[PDB]
Amino acid sequence: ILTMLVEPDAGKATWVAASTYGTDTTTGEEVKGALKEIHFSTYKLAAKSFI
Amino acid sequence: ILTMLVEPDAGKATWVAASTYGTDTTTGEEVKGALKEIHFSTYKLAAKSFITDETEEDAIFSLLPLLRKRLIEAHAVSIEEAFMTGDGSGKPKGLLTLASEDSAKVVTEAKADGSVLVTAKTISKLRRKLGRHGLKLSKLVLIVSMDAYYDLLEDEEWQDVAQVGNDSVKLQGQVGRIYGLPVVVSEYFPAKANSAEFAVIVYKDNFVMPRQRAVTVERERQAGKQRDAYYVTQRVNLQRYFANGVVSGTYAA
Amino acid sequence: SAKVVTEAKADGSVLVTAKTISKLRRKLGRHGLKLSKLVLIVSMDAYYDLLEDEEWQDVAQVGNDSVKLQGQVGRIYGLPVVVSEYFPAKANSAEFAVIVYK
Amino acid sequence: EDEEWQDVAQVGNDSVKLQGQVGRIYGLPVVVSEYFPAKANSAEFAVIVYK
Amino acid sequence: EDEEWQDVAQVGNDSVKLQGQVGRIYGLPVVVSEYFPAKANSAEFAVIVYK
Amino acid sequence: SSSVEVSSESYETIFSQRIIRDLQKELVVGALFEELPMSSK
Amino acid sequence: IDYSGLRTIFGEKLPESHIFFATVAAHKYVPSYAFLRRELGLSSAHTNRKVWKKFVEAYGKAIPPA
């Protein structure tokens, strides 16, 4: 198998913040995400002969 | 704030008649103008990520680049979206939202549910609203929604080589120029619906991005909670020198 | 869910006209628009119907690349055309084309 | 306003939209005079003499 | 007045509107004579001999 | 301005003196023609 | 445009392009590719067989229902 992560979708950034500068809220809400693993695998194909 | 002054609008001069000539009125009516002002300002943008020290140990891979990528992408995503469609209340008013205010969302024949398609003409016809802010043609940009771009390729109008040139769709496939405007596709228009928006024809020179701070990263190890917080903050807006300048199209209602 | 069903019919009637082939790009989605990152594999009997397409047929409708003048539709609507025969047999449903994001 | 002579595929670099004066019609030079009888029913609009 | 020969995108620089004398039809030279039998039913308007 | 050490207004603006005006309708019918330098009424 | 009137001149099937335009009778109902093309909303940019083929289809599509 091959499990490769996929970076999740776009978070978006807290646009406002506004008057509150210096308070905790100026840094905005968390932009967060979860990586999504996706598996890969290989099937086997063969042929045979007899000389 | 940055305030620039806008020159006052033109004032006509009286056509003085013969009666006057030596009457103090022979010189007409005073042309008085007041230098108006334009004010610019900024709106913040922000993000927090926390990586607990325990996790980096817990998991196999690092996870650190992702936090950074996410935050910077988020500022871009938000800015790109905001600039397109912003409430204006706290976020930058946007090309789509500015047009609506200026009564420039031109409802067009293009139809939601297929049926009419967004043909090139429907997109070029938007230029009329721009007004004089329109004729030059090398100072304009066209941003069409992805669905429009796709509809623009299937426009029967641009495919025929004796209909457009060696640039016809049949022959080429990528409608690159519509009626003298470059075509650039973005997908951050509102999604297809009755009304909604498929295209804007901003008059670029009118818009400036007032800055004040640019994307910076500050890591604040918060021991006692064992996290290291990356707080990336940024402050910018999109404002227009003058009220006119963008005209947007809408699918028909 | 990308088996767009085109109107082209089996047993003559319509032929798979060229336009039908590039209509399909829309269902690709965002991935579709770029156009230099796609490949078109058409069934052999949809290359013989891309020729009889009324559209690619005229030095005017197209360019110096028109069929009467040349004979091999090499480009359809901005996509390269590559012919393979392994597609299933023409019949109802069936497939005449696919356009992968390589 | 002859729909016939107006395009550049209905004629050449001599088309009206592009140029504005139909100078040649079907191989004849075109010369305009205002001395033709006044426009009316019947009347005459062209004479193709033999010089 | 064959609608067929009268365009520059239909024929070439040899189109009627532009020129006025159909001199070549489909690869044959055109020579006009007026001793063909009088126009009438049946009658003849053209001959194409193997000289 | 939300911090200790504030400064009065007008101190947070740069007041550019760039005077910008708009597109301003173009004038075409005045200059095209020629003049008859009249020297009498 | 006047497919109906043309039916009197040419019944079901339309003759080939050369003859249709040639016929004096049809000239009035449709004169030259200028008229046919403008009526179809086609352009000089569309090649004439495309304009004719479209005209022929209209002639059939429109044919009296029977």
Report yes if F:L23 is over 25 Å from B:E37 (Cβ atoms), of a type in the set (A, V, I, L, M) and either touching a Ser or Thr at 6+ places or on another chain (Cβ under 9 Å) or within 13 Å of chain B (Cβ to nearest Cβ) (or both), otherwise no.
no
Within the range E:11-30, considering residues that are in a loop (DSSP other than H, G, I, E, B) and in contact with a strand residue (DSSP E or B) (Cβ under 8 Å, 6 or more places away or on another chain), the one farthest from the other protein chains (Cβ to nearest Cβ)
E:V30
With the first residue restricted to the range G:44-66 and required to be without any contact (Cβ under 8 Å) to a residue 12 or more places away in the chain, and the second required to be among the small types (G, A, S), Cβ contacts under 6 Å at 6 or more apart or on different chains are G:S44/D:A9; G:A45/B:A162; G:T47/C:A60
Considering each of B:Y241, B:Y203 in turn, give the residue that is under 19 Å from B:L130 (Cα atoms), touching a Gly at 6+ places or on another chain (Cβ under 8 Å), among the hydroxyl-bearing types (S, T, Y) and buried (at least 17 other Cβ atoms within 10 Å of the Cβ).
B:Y203
All but one of (1) within 14 Å of chain C (Cβ to nearest Cβ); (2) assigned to a helix (DSSP H, G or I); (3) of a type in the set (V, I, T) hold for B:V175; state the number of the condition that does not hold.
(2)
If you scan the range B:40-59, which residues turn out to be more than 13 Å from chain A (Cβ to nearest Cβ) and either free of Cβ contacts under 8 Å to residues at least 40 places away in the same chain or not in a strand (DSSP E or B) (or both)?
B:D53, B:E54, B:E56, B:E57, B:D58
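Are any residues in the range B:225-252 hydrophobic (A, V, I, L, M, F, W, C) and touching a strand residue (DSSP E or B) at 6+ places or on another chain (Cβ under 8 Å), and if so, which ones?
B:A229, B:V232, B:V236, B:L238, B:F242, B:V246, B:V247, B:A252
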Quick check on my filter: what residues within the range D:2-49 are loosely packed, with under 11 Cβ neighbours inside 10 Å and at positive phi?
D:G20, D:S42, D:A43
Can you tell me how many residues in the range F:7-20 are surrounded by 10 or more Cβ atoms within 10 Å (Cβ to Cβ) and either more than 7 Å from chain B (Cβ to nearest Cβ) or on the phi > 0 side of the Ramachandran plot (or both)?
1
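With the structure loaded, tell me whether A:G28 is in contact with a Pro (Cβ under 9 Å, 6 or more places away or on another chain) and either over 15 Å from B:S49 (Cα atoms) or assigned to a loop (DSSP other than H, G, I, E, B) (or both) or whether it fails that test. Even if it seems obvious, please write down each step before you answer.
Working: in contact with a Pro (Cβ under 9 Å, 6 or more places away or on another chain): no; either over 15 Å from B:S49 (Cα atoms) or assigned to a loop (DSSP other than H, G, I, E, B) (or both): yes.
Judged against the criteria, A:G28 is not a match.
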Given the residues B:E109, B:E81, B:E73, which is the only one that is under 30 Å from B:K121 (Cβ atoms) and under 22 Å from the mean Cα position of the chain (by Cα)?
B:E81
Any idea which residue in chain A is farthest from B:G90 (Cα to Cα), counting only those that are touching a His at 6+ places or on another chain (Cβ under 8 Å) and not small (G, A, S)?
A:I1
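Yes/no matrix, rows are residues, columns are (1) over 19 Å from the mean Cα position of the chain (by Cα); (2) of a type in the set (S, T, Y):
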site: B:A148; (1), (2): no, no
site: B:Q163; (1), (2): yes, no
site: B:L181; (1), (2): no, no
site: B:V185; (1), (2): no, no
site: B:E197; (1), (2): no, no
site: B:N206; (1), (2): no, no
site: B:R211; (1), (2): no, no
site: B:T216; (1), (2): yes, yes
Quick one: B:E37 ticks every box in (1) assigned to a helix (DSSP H, G or I); (2) more than 7 Å from every other protein chain (Cβ to nearest Cβ) bar one, so which box is it?
(1)
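Suppose we filter the range B:212-238 for residues that are under 30 Å from B:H39 (Cα atoms) and surrounded by 12 or more Cβ atoms within 10 Å (Cβ to Cβ); how many remain? Quick ask: steps written out before the conclusion?
In the first step, residues of the range B:212-238 are kept if they are under 30 Å from B:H39 (Cα atoms); the result is B:212-217, B:231-238.
Checking the rest, the ones that are also surrounded by 12 or more Cβ atoms within 10 Å (Cβ to Cβ) come to B:212-213, B:215, B:217, B:231-238.
Residues meeting the conditions: 12.
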Selection from the range A:18-51 of residues in contact with a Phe, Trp or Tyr (Cβ under 8 Å, 6 or more places away or on another chain) and hydrophobic (A, V, I, L, M, F, W, C) yields A:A18
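Yes/no matrix, rows are residues, columns are (1) over 21 Å from A:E30 (Cα atoms); (2) acidic (D, E); (3) out of contact with any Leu (no Cβ under 7 Å at 6 or more places or on another chain); (4) surrounded by 13 or more Cβ atoms within 10 Å (Cβ to Cβ):
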| site | (1), (2), (3), (4) |
| --- | --- |
| B:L2 | yes, no, yes, yes |
| B:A13 | yes, no, yes, no |
| B:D24 | yes, yes, yes, no |
| B:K44 | no, no, yes, yes |
| B:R68 | no, no, yes, yes |
| B:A76 | no, no, yes, yes |
| B:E80 | no, yes, yes, yes |
Can you tell me which residues in the range B:113-162 are within 14 Å of chain C (Cβ to nearest Cβ), part of a helix (DSSP H, G or I), closer than 18 Å to B:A196 by Cα and touching a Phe, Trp or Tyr at 6+ places or on another chain (Cβ under 9 Å)?
B:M146, B:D147, B:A148, B:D151, B:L152
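Scan the range B:72-112 for residues that are in a loop (DSSP other than H, G, I, E, B) and touching a residue at least 40 places away in the same chain (Cβ under 8 Å) and jot them down.
Initially, the range B:72-112 is screened for residues in a loop (DSSP other than H, G, I, E, B), giving B:85-94, B:102-104, B:112.
Matches in the range B:72-112: B:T85, B:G86, B:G90, B:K91, B:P92, B:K93, B:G94, B:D102, B:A104, B:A112.
Cβ coordinates were reconstructed from backbone atoms using ideal geometry, including for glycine residues, and neighbour counts include every protein chain displayed. No value in this document is a laboratory result; all are computed from the given coordinates.
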